[PDB]
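Residue 451 is where the sequence shown ends in the authors' numbering, and the numbering goes up by one at each step. Below: one structure, written as structure tokens.
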Amino acid sequence: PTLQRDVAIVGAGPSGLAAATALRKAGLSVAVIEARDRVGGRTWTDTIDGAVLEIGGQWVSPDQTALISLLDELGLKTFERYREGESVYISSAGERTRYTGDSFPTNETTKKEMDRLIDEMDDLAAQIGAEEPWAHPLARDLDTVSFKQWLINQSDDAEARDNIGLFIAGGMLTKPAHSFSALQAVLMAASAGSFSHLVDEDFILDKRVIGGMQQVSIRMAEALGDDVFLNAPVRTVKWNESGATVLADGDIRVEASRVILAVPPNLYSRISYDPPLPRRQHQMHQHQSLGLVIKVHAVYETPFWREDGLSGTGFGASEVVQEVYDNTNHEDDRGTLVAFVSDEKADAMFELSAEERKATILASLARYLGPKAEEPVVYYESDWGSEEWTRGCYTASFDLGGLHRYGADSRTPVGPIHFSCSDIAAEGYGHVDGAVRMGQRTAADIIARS
Ligand SMILES: Cc1cc2nc3c(=O)[nH]c(=O)nc-3n(C[C@H](O)[C@H](O)[C@H](O)COP(=O)(O)OP(=O)(O)OC[C@H]3O[C@@H](n4cnc5c(N)ncnc54)[C@H](O)[C@@H]3O)c2cc1C
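This is the structure we're talking about:
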């Protein structure tokens, strides 16, 4: 059918829904048009082989105040990731060492170099900020050198560089360090409130939502009722000065004063725009791309590692699995691990059979926490790259040199067309907290003009 609303919202991930929520609060009418048969986009709770698993985004850090606010406003509660006992570090040389502490048990040299790099990243993020990295006088220099090359420029120590890289590269951008810029690294750190925050997993991986993160979008959408349309990919946006018409599958047609495109940048061109967007959007959008990470879930009879006095945390820059954490659900007696294979290493695992990939990842888990890890009861791999309405994970980021060249244009509305996703956020960049922020900023920006 066909309908009028003040704002048409394309995509019902946490960013779009957040916008829809805030717009309704201000007495403005919305239609949220979603491609999938569900809401929540890159967040998604589902039962696989009888195990409740968080396929997408799931964690909540203390600096994520927009989201903490929304959580409390929607009546959802949180809980700590388990953290008692020792973490496991696996060196460049493949040596596994248990440790407690805020810093990795490397030799002194690497330890000092790490600390110098953490401080140096903290200072650059404090000076540069997550709001407009591109506008800082240091932006050009920082954004035309890869994070790889920058680290080489700063430190002679292979292992320290690799370990710093782990936190940004496989940690947040899920692209290799040779493919994004020092500026982009800085911007990541600023968005979490600092690099030290990215380093301490007790911070960035603090808490989860009882009921899973998808509940955040499900609740916002339940409150929107018939104004949320599922199974409706948006194909065309006709627009002008006064407003737009959004066409979607199942003969849907929304006429509105403003549009929010609440989809990750790499999918903007999935929609035909009549007339075509300006040259600048045409170019900038090509330079944006998602990372790749396999998010691995293994479920065990008990959380077995806790008996050996381990926390379930592992870090290993040179391992096929780079991070692992305890991801035992609230009140579950079965133990659950979450592990990550990133960028080029995810490619390599995807090049193997489903069966040979699982053996290889499980062997890696085994090198962290012992051979009981090769005996899971449920095993599952997240696969956002295969999904036509995502195409990777966790976030889209500019190619090398893209951020300073295009950054300032990335949120600018084009006539009635607005843009909101976590991939272009300031604080919370790439995280649910970002999606929520961008949605709310988009709504406010729309309110102020109307
Ligand atoms: C494996 C993985 C792990 C993650 N880990 C963390 C974490 O633990 N902590 C954290 O906070 N976040 C993390 N993230 C990232 C986080 O999930 C996202 O950044 C956040 O969900 C962004 O949401 P969004 O609203 O901006 O976009 P999305 O969630 O992608 O929403 C976009 C929506 O748009 C829809 N859509 C796209 N095109 C169209 C179209 N043409 N027509 C109609 N609908 C369309 C899609 O179907 C989707 O529902 C994780 C993400 C992944 C993938």
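All C-beta atoms, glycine included, are put in the ideal place defined by N, C-alpha and C.
In terms of alpha-carbon separation, which member of the options lies closest to residue i?
| i | options | result |
| --- | --- | --- |
| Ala436 | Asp333, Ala340, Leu262 and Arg406 | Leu262 |
| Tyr90 | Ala427, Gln323, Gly194 and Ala347 | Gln323 |
| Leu404 | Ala186, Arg6 and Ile219 | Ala186 |
| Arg37 | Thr48, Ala13 and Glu356 | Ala13 |
| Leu18 | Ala126, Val229 and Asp123 | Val229 |
| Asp348 | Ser387, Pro134 and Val235 | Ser387 |
| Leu72 | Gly171, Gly313, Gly212 and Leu248 | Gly212 |
| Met285 | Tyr301, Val297, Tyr326 and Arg412 | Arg412 |
| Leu225 | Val33, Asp309 and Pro2 | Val33 |
| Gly95 | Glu376, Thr337, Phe316 and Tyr381 | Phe316 |
| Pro177 | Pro15, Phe399 and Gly408 | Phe399 |
| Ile425 | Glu133, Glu35, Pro106 and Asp123 | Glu133 |
| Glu114 | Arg162, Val200 and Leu4 | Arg162 |
| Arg25 | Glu352, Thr145, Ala222 and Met350 | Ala222 |
| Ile418 | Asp47, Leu143 and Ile272 | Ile272 |
| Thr443 | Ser290, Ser88 and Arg259 | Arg259 |
| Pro414 | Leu278, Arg438 and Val378 | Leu278 |
| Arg141 | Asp410, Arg406 and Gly431 | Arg406 |
| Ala374 | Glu357, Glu302 and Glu332 | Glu302 |
| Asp384 | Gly28, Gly42 and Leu401 | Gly42 |
| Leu75 | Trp306, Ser218, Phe305 and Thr111 | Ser218 |
| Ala367 | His331, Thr314 and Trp45 | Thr314 |
| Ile69 | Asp446, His432 and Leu152 | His432 |
| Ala52 | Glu332, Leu152, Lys78 and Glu345 | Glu332 |
Go ahead and pull the three-state DSSP assignment for residue i.
| i | result |
| --- | --- |
| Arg442 | helix |
| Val200 | helix |
| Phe148 | helix |
| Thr413 | coil |
| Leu311 | strand |
| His419 | strand |
| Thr3 | strand |
| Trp240 | strand |
| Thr46 | strand |
| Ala224 | coil |
| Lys208 | strand |
| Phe305 | helix |
| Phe181 | coil |
| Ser218 | helix |
| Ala190 | helix |
| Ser156 | coil |
| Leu404 | helix |
| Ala233 | coil |
| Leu54 | strand |
| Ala170 | helix |
| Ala161 | helix |
| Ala397 | strand |
| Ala436 | helix |
| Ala32 | strand |
| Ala9 | strand |
Please check the pair residue i and residue j, which I expect to be a contact at CB under 8 Å, by giving their CB distance rounded to whole angstroms.
| i | j | result |
| --- | --- | --- |
| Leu338 | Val325 | 6 Å |
| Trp135 | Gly408 | 4 Å |
| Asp252 | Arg236 | About 11 Å; that fails the 8 Å criterion. |
| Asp144 | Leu184 | 4 Å |
| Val300 | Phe341 | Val300 to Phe341, Cβ: 17 Å. No contact. |
| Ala131 | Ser192 | 4 Å |
| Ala245 | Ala233 | No, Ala245 and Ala233 are not in contact; Cβ-Cβ is about 16 Å, not under 8 Å. |
| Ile49 | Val31 | Not really, about 33 Å apart at Cβ, beyond 8 Å. |
| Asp64 | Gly194 | 4 Å |
| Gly171 | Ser343 | 3 Å |
| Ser147 | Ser180 | 7 Å |
| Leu4 | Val255 | 6 Å |
Below 7 Å, is the gap between the Cβ of residue i and the nearest heavy atom of ligand 2?
| i | result |
| --- | --- |
| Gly12 | With respect to small molecules bound, the structure shown includes ligand 1 and not ligand 2. |
Check your understanding: Contact between the stretch 257–272 and the stretch 391–402: three or more CB pairs below 8 Å?
Key -> The answer is yes - the stretch 391–402 touches the stretch 257–272, with three or more Cβ pairs under 8 Å.
Review point. Unbroken alpha helix (DSSP H) runs of length 4 or more, entirely within the stretch 323–393: which are they?
Key: 344–351 and 355–370
Exercise for review: Entirely within the stretch 244–300 and at least 3 residues each: give me those beta strand (DSSP E) ranges in chain order.
Suggested key: 245–249, 253–262, 273–275 and 289–291
**Study point:** Uninterrupted beta strand (DSSP E) stretches inside the stretch 57–143 (no shorter than 3 residues)
**Key:** 79–81, 87–91 and 97–100
Review point. Does the stretch 201–215 come within contact of the stretch 51–67, defined as at least 3 CB pairs closer than 8 Å?
Key: yes
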